[PDB]
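Trainee: Handing over final-v4.pdb, PDB, C-alpha atoms.
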```
ATOM      1  CA  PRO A   1      13.928   6.767 -52.536
ATOM      2  CA  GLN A   2      11.083   8.815 -51.147
ATOM      3  CA  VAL A   3      10.542  12.297 -52.537
ATOM      4  CA  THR A   4       8.570  15.117 -50.953
ATOM      5  CA  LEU A   5       7.065  17.809 -53.163
ATOM      6  CA  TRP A   6       8.232  21.136 -51.700
ATOM      7  CA  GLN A   7      10.433  21.366 -54.787
ATOM      8  CA  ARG A   8       9.974  20.013 -58.306
ATOM      9  CA  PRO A   9      10.712  16.257 -58.318
ATOM     10  CA  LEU A  10      13.590  16.204 -60.798
ATOM     11  CA  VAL A  11      15.732  13.185 -61.647
ATOM     12  CA  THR A  12      18.692  12.458 -63.869
ATOM     13  CA  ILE A  13      18.031  10.207 -66.835
ATOM     14  CA  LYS A  14      20.191   8.603 -69.467
ATOM     15  CA  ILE A  15      18.628   8.213 -72.878
ATOM     16  CA  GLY A  16      20.160   7.865 -76.322
ATOM     17  CA  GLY A  17      23.623   7.955 -74.755
ATOM     18  CA  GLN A  18      22.947  11.401 -73.290
ATOM     19  CA  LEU A  19      22.346  12.705 -69.767
ATOM     20  CA  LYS A  20      19.305  14.859 -69.043
ATOM     21  CA  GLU A  21      17.212  16.141 -66.151
ATOM     22  CA  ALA A  22      13.525  15.358 -66.138
ATOM     23  CA  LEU A  23      10.432  15.989 -64.075
ATOM     24  CA  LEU A  24       8.626  13.045 -62.445
ATOM     25  CA  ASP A  25       5.122  13.955 -63.579
ATOM     26  CA  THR A  26       2.141  11.959 -62.275
ATOM     27  CA  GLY A  27      -0.110  14.245 -64.332
ATOM     28  CA  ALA A  28       1.433  13.114 -67.610
ATOM     29  CA  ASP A  29       0.187  10.032 -69.433
ATOM     30  CA  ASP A  30       3.254  10.024 -71.673
ATOM     31  CA  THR A  31       6.955  10.811 -71.412
ATOM     32  CA  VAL A  32       7.945  13.886 -73.429
ATOM     33  CA  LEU A  33      11.438  15.277 -73.911
ATOM     34  CA  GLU A  34      12.763  18.521 -75.366
ATOM     35  CA  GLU A  35      14.289  18.274 -78.837
ATOM     36  CA  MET A  36      17.172  15.783 -78.883
ATOM     37  CA  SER A  37      18.930  13.289 -81.117
ATOM     38  CA  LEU A  38      17.624   9.739 -80.909
ATOM     39  CA  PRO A  39      18.410   6.675 -83.045
ATOM     40  CA  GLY A  40      15.985   5.426 -85.638
ATOM     41  CA  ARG A  41      12.541   5.688 -87.156
ATOM     42  CA  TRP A  42       9.731   7.802 -85.687
ATOM     43  CA  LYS A  43       6.082   8.736 -86.281
ATOM     44  CA  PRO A  44       4.588  12.223 -86.231
ATOM     45  CA  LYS A  45       2.147  12.758 -83.362
ATOM     46  CA  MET A  46       0.139  15.528 -81.722
ATOM     47  CA  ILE A  47      -0.279  15.738 -77.960
ATOM     48  CA  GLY A  48      -2.332  18.160 -75.904
ATOM     49  CA  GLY A  49      -1.939  19.996 -72.621
ATOM     50  CA  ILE A  50      -2.391  23.362 -70.941
ATOM     51  CA  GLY A  51      -2.013  25.965 -73.681
ATOM     52  CA  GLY A  52      -3.033  23.590 -76.452
ATOM     53  CA  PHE A  53      -1.280  21.002 -78.596
ATOM     54  CA  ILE A  54       2.212  20.390 -79.905
ATOM     55  CA  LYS A  55       3.578  18.172 -82.651
ATOM     56  CA  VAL A  56       6.056  15.584 -81.450
ATOM     57  CA  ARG A  57       8.082  12.771 -82.929
ATOM     58  CA  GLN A  58       7.179   9.412 -81.424
ATOM     59  CA  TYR A  59      10.042   6.946 -80.906
ATOM     60  CA  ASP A  60       9.220   3.388 -79.829
ATOM     61  CA  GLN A  61      11.303   0.881 -77.879
ATOM     62  CA  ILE A  62      13.709   3.510 -76.486
ATOM     63  CA  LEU A  63      15.883   2.525 -73.528
ATOM     64  CA  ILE A  64      15.723   4.953 -70.632
ATOM     65  CA  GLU A  65      17.567   4.880 -67.329
ATOM     66  CA  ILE A  66      15.728   6.962 -64.741
ATOM     67  CA  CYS A  67      17.663   7.353 -61.517
ATOM     68  CA  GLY A  68      19.179   3.889 -61.006
ATOM     69  CA  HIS A  69      16.436   2.086 -62.925
ATOM     70  CA  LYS A  70      16.010   0.920 -66.547
ATOM     71  CA  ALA A  71      12.837   1.012 -68.617
ATOM     72  CA  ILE A  72      11.942   0.594 -72.269
ATOM     73  CA  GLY A  73       9.020   2.355 -73.863
ATOM     74  CA  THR A  74       7.763   5.047 -76.179
ATOM     75  CA  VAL A  75       9.277   8.497 -75.932
ATOM     76  CA  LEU A  76       7.898  11.661 -77.470
ATOM     77  CA  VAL A  77      10.270  14.416 -78.519
ATOM     78  CA  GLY A  78       9.245  17.971 -79.239
ATOM     79  CA  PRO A  79       8.612  21.565 -78.131
ATOM     80  CA  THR A  80       7.811  20.825 -74.481
ATOM     81  CA  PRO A  81       9.194  23.471 -72.109
ATOM     82  CA  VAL A  82      10.404  20.772 -69.690
ATOM     83  CA  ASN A  83      11.515  17.143 -69.923
ATOM     84  CA  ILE A  84       8.718  15.094 -68.362
ATOM     85  CA  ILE A  85       8.589  11.477 -67.234
ATOM     86  CA  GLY A  86       4.975  10.335 -67.433
ATOM     87  CA  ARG A  87       3.081   7.402 -65.948
ATOM     88  CA  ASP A  88       4.102   5.127 -68.824
ATOM     89  CA  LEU A  89       7.605   5.027 -67.345
ATOM     90  CA  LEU A  90       6.788   5.793 -63.725
ATOM     91  CA  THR A  91       4.954   2.469 -63.531
ATOM     92  CA  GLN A  92       8.034   0.642 -64.793
ATOM     93  CA  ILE A  93      10.222   1.969 -61.978
ATOM     94  CA  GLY A  94       7.584   1.156 -59.361
ATOM     95  CA  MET A  95       6.670   4.733 -58.500
ATOM     96  CA  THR A  96       3.773   5.296 -56.120
ATOM     97  CA  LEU A  97       2.029   8.364 -54.716
ATOM     98  CA  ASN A  98       1.541   8.393 -50.921
ATOM     99  CA  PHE A  99      -0.608  10.734 -48.783
ATOM    100  CA  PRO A1001      -3.719   6.148 -49.094
ATOM    101  CA  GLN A1002      -1.096   4.733 -51.454
ATOM    102  CA  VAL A1003      -1.590   5.028 -55.187
ATOM    103  CA  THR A1004       0.076   3.199 -58.061
ATOM    104  CA  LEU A1005       0.234   4.956 -61.417
ATOM    105  CA  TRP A1006      -1.194   2.463 -63.920
ATOM    106  CA  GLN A1007      -4.142   4.842 -64.181
ATOM    107  CA  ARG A1008      -4.481   8.602 -63.756
ATOM    108  CA  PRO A1009      -4.334   9.477 -60.044
ATOM    109  CA  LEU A1010      -7.714  11.169 -59.681
ATOM    110  CA  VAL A1011      -9.267  12.382 -56.444
ATOM    111  CA  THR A1012     -12.522  14.007 -55.439
ATOM    112  CA  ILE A1013     -12.226  17.554 -54.145
ATOM    113  CA  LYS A1014     -14.677  19.988 -52.649
ATOM    114  CA  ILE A1015     -14.082  23.642 -53.402
ATOM    115  CA  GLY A1016     -16.355  26.666 -53.335
ATOM    116  CA  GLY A1017     -19.193  24.439 -52.133
ATOM    117  CA  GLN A1018     -18.914  22.245 -55.241
ATOM    118  CA  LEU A1019     -17.650  18.727 -55.961
ATOM    119  CA  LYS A1020     -15.078  18.046 -58.680
ATOM    120  CA  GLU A1021     -12.584  15.403 -59.773
ATOM    121  CA  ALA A1022      -8.959  16.378 -60.122
ATOM    122  CA  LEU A1023      -5.621  14.958 -61.125
ATOM    123  CA  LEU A1024      -2.841  14.670 -58.527
ATOM    124  CA  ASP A1025      -0.094  16.246 -60.612
ATOM    125  CA  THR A1026       3.491  16.256 -59.307
ATOM    126  CA  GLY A1027       4.515  18.013 -62.524
ATOM    127  CA  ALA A1028       2.419  21.083 -61.709
ATOM    128  CA  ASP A1029       3.755  23.901 -59.546
ATOM    129  CA  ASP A1030       0.241  25.286 -59.152
ATOM    130  CA  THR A1031      -3.334  24.071 -58.808
ATOM    131  CA  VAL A1032      -5.451  24.902 -61.863
ATOM    132  CA  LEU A1033      -9.176  24.193 -62.259
ATOM    133  CA  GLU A1034     -11.492  24.329 -65.259
ATOM    134  CA  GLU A1035     -13.893  27.286 -65.392
ATOM    135  CA  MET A1036     -16.024  27.457 -62.244
ATOM    136  CA  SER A1037     -17.834  29.854 -59.905
ATOM    137  CA  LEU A1038     -15.685  30.888 -56.930
ATOM    138  CA  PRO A1039     -16.361  33.373 -54.118
ATOM    139  CA  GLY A1040     -14.712  36.759 -54.141
ATOM    140  CA  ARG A1041     -11.923  38.673 -55.776
ATOM    141  CA  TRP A1042      -9.200  37.608 -58.185
ATOM    142  CA  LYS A1043      -6.283  38.733 -60.330
ATOM    143  CA  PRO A1044      -5.603  38.166 -64.056
ATOM    144  CA  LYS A1045      -2.673  35.810 -64.596
ATOM    145  CA  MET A1046      -0.908  33.816 -67.304
ATOM    146  CA  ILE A1047       0.585  30.365 -66.869
ATOM    147  CA  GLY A1048       2.563  28.199 -69.272
ATOM    148  CA  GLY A1049       2.469  24.530 -70.205
ATOM    149  CA  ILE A1050       2.895  21.907 -72.928
ATOM    150  CA  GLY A1051       1.129  23.774 -75.736
ATOM    151  CA  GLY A1052       1.786  27.355 -74.679
ATOM    152  CA  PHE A1053       0.214  29.776 -72.200
ATOM    153  CA  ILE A1054      -3.318  30.374 -70.975
ATOM    154  CA  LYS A1055      -4.964  33.233 -69.127
ATOM    155  CA  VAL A1056      -6.388  32.304 -65.727
ATOM    156  CA  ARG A1057      -8.032  33.988 -62.767
ATOM    157  CA  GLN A1058      -6.028  33.795 -59.569
ATOM    158  CA  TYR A1059      -8.133  33.363 -56.415
ATOM    159  CA  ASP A1060      -6.329  33.605 -53.066
ATOM    160  CA  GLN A1061      -7.114  31.944 -49.746
ATOM    161  CA  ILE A1062      -9.477  29.331 -51.199
ATOM    162  CA  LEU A1063     -10.383  26.368 -48.998
ATOM    163  CA  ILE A1064     -10.029  22.998 -50.721
ATOM    164  CA  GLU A1065     -10.829  19.591 -49.319
ATOM    165  CA  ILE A1066      -8.906  16.947 -51.260
ATOM    166  CA  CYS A1067      -9.723  13.330 -50.571
ATOM    167  CA  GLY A1068     -10.182  13.557 -46.781
ATOM    168  CA  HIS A1069      -7.918  16.512 -46.143
ATOM    169  CA  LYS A1070      -8.410  20.288 -45.936
ATOM    170  CA  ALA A1071      -5.975  22.871 -47.282
ATOM    171  CA  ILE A1072      -5.964  26.572 -48.043
ATOM    172  CA  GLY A1073      -4.116  28.320 -50.823
ATOM    173  CA  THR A1074      -4.168  29.931 -54.212
ATOM    174  CA  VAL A1075      -6.237  28.439 -56.991
ATOM    175  CA  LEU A1076      -6.067  29.293 -60.670
ATOM    176  CA  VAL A1077      -9.175  28.990 -62.815
ATOM    177  CA  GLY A1078      -9.106  28.892 -66.591
ATOM    178  CA  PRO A1079      -9.108  26.917 -69.858
ATOM    179  CA  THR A1080      -7.129  23.950 -68.534
ATOM    180  CA  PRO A1081      -8.206  20.665 -70.196
ATOM    181  CA  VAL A1082      -8.356  18.938 -66.794
ATOM    182  CA  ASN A1083      -8.485  19.973 -63.130
ATOM    183  CA  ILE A1084      -4.972  19.700 -61.694
ATOM    184  CA  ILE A1085      -3.799  19.600 -58.071
ATOM    185  CA  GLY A1086      -0.248  20.952 -58.056
ATOM    186  CA  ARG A1087       2.605  20.773 -55.562
ATOM    187  CA  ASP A1088       1.279  23.851 -53.770
ATOM    188  CA  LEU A1089      -1.561  21.713 -52.403
ATOM    189  CA  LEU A1090       0.118  18.297 -52.579
ATOM    190  CA  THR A1091       2.586  19.412 -49.908
ATOM    191  CA  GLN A1092      -0.259  20.342 -47.562
ATOM    192  CA  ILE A1093      -1.752  16.846 -47.651
ATOM    193  CA  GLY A1094       1.632  15.208 -47.096
ATOM    194  CA  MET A1095       1.967  13.676 -50.543
ATOM    195  CA  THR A1096       5.191  11.916 -51.468
ATOM    196  CA  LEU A1097       6.578  10.061 -54.460
ATOM    197  CA  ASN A1098       8.109   6.670 -53.679
ATOM    198  CA  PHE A1099      10.275   4.449 -55.922
TER     199      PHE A1099
END
```
Take the structure I supplied and represent it as structure tokens, if you would.
Mentor:
Amino acid sequence: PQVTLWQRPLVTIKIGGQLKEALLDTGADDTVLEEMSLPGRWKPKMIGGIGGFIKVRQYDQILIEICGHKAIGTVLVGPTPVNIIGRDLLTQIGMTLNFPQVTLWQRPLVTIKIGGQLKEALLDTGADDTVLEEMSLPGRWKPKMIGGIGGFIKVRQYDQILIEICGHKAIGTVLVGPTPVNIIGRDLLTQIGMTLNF
């Protein structure tokens, strides 16, 4: 299947004998699920994201069926607001990002130019919105809060900002704040014709 990004790329998964919906998230290194019952031993673990860190239980060698496809790997379980399938499992089902084609064995980074400056950013299908680390942008903005793995952060919303991502230009809203990494969300991914293919 090919998947465009005008809506969140959700899929049905079967794990631990249970059915769940999860977000195909190219911006996630690891797969993280909301609290659920899984068989066996686990290890305590802390993972970070927008908003900070959360404690999760790490289960190893867990069978997961994602769409029609099987994979076995590590699964983290904890207080994430959304079930996310990260690159660890995307690679196993042969997922690629197309806009150039990109496999997901490494973080899908691209060079962007915004506000006259050059930055590197993560192509993040799991992000509704584009969020950049603190930077100098031209003009007026509005105070805003956005949520994520470890809670919420306050960001400045700038409207009508030109961004050039890889080759391609796009205009839209950009959030600026204490995100750990620059993220290109679906708002801009759709403008450069990005798709998920598996």
Trainee: Can you give me, as a PyMOL selection string, the residues this file yields under the PyMOL selection byres ((chain A and resi 1-17) around 6)?
Mentor: chain A and resi 18-24+38+64-67+1087+1091+1096-1099
Trainee: Please check which residues have atoms at most 12 Å from (4.7, 9.0, -63.3) in the file's coordinates, counting all atoms listed in the file, and write them as a JSON list (two decimals) with C-alpha atoms, in the coordinates of the input.
Mentor:
```json
[["chain", "number", "residue", "atom", "x", "y", "z"],
["A", 9, "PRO", "CA", 10.71, 16.26, -58.32],
["A", 10, "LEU", "CA", 13.59, 16.20, -60.80],
["A", 11, "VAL", "CA", 15.73, 13.18, -61.65],
["A", 22, "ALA", "CA", 13.52, 15.36, -66.14],
["A", 23, "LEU", "CA", 10.43, 15.99, -64.08],
["A", 24, "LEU", "CA", 8.63, 13.04, -62.44],
["A", 25, "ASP", "CA", 5.12, 13.96, -63.58],
["A", 26, "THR", "CA", 2.14, 11.96, -62.28],
["A", 27, "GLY", "CA", -0.11, 14.24, -64.33],
["A", 28, "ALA", "CA", 1.43, 13.11, -67.61],
["A", 29, "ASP", "CA", 0.19, 10.03, -69.43],
["A", 30, "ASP", "CA", 3.25, 10.02, -71.67],
["A", 31, "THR", "CA", 6.96, 10.81, -71.41],
["A", 32, "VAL", "CA", 7.94, 13.89, -73.43],
["A", 66, "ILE", "CA", 15.73, 6.96, -64.74],
["A", 84, "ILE", "CA", 8.72, 15.09, -68.36],
["A", 85, "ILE", "CA", 8.59, 11.48, -67.23],
["A", 86, "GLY", "CA", 4.97, 10.34, -67.43],
["A", 87, "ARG", "CA", 3.08, 7.40, -65.95],
["A", 88, "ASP", "CA", 4.10, 5.13, -68.82],
["A", 89, "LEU", "CA", 7.60, 5.03, -67.34],
["A", 90, "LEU", "CA", 6.79, 5.79, -63.72],
["A", 91, "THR", "CA", 4.95, 2.47, -63.53],
["A", 92, "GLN", "CA", 8.03, 0.64, -64.79],
["A", 93, "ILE", "CA", 10.22, 1.97, -61.98],
["A", 94, "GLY", "CA", 7.58, 1.16, -59.36],
["A", 95, "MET", "CA", 6.67, 4.73, -58.50],
["A", 96, "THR", "CA", 3.77, 5.30, -56.12],
["A", 97, "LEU", "CA", 2.03, 8.36, -54.72],
["A", 1003, "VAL", "CA", -1.59, 5.03, -55.19],
["A", 1004, "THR", "CA", 0.08, 3.20, -58.06],
["A", 1005, "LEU", "CA", 0.23, 4.96, -61.42],
["A", 1006, "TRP", "CA", -1.19, 2.46, -63.92],
["A", 1007, "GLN", "CA", -4.14, 4.84, -64.18],
["A", 1008, "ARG", "CA", -4.48, 8.60, -63.76],
["A", 1009, "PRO", "CA", -4.33, 9.48, -60.04],
["A", 1024, "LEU", "CA", -2.84, 14.67, -58.53],
["A", 1025, "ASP", "CA", -0.09, 16.25, -60.61],
["A", 1026, "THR", "CA", 3.49, 16.26, -59.31],
["A", 1027, "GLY", "CA", 4.51, 18.01, -62.52],
["A", 1097, "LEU", "CA", 6.58, 10.06, -54.46],
["A", 1098, "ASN", "CA", 8.11, 6.67, -53.68],
["A", 1099, "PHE", "CA", 10.28, 4.45, -55.92]]
```
Trainee: Run the PyMOL selection byres ((chain A and resi 1076) around 9) against the file shown and list the residues it catches, as a PyMOL selection string.
Mentor: chain A and resi 1030-1034+1045+1056-1060+1074-1075+1077-1078
Trainee: Please list as a PyMOL selection string every residue within 8 Å of residue A:52, counting only C-alpha atoms and excluding residues in the same chain fewer than 3 positions away.
Mentor: chain A and resi 48-49+1050-1052
Trainee: Suppose you want the space between atom CA of residue A:1053 and atom CA of residue A:51; what is it in Å?
Mentor: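 For atom CA of residue A:1053 relative to atom CA of residue A:51, the distance reads 4.7 Å.
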Trainee: Applied to this file, what does the PyMOL selection byres ((chain A and resi 46) around 6) return in terms of residues, put as a PyMOL selection string?
Mentor: chain A and resi 45+47+54-56
Trainee: Generate the output file for the selected residues, C-alpha atoms, as a compact mmCIF listing (two decimals), in the coordinates of the input.
Mentor:
```txt
# COMPACT_ATOMS: atom_id res chain seq x y z
CA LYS A 45 2.15 12.76 -83.36
CA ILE A 47 -0.28 15.74 -77.96
CA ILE A 54 2.21 20.39 -79.90
CA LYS A 55 3.58 18.17 -82.65
CA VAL A 56 6.06 15.58 -81.45
```
Trainee: What does the structure give for the distance between atom CA of residue A:1070 and atom CA of residue A:1023, in Å to one decimal?
Mentor: 16.3 Å
Trainee: Just to confirm, what's the straight-line distance from atom CA of residue A:1019 to atom CA of residue A:1084 in Å (one decimal)?
Mentor: 13.9 Å
Trainee: Of the residues A:1062, A:39, A:78, A:83, which is the one nearest to residue A:63, using all atoms listed in the file?
Mentor: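 For residue A:63, the nearest of the candidates is A:39.
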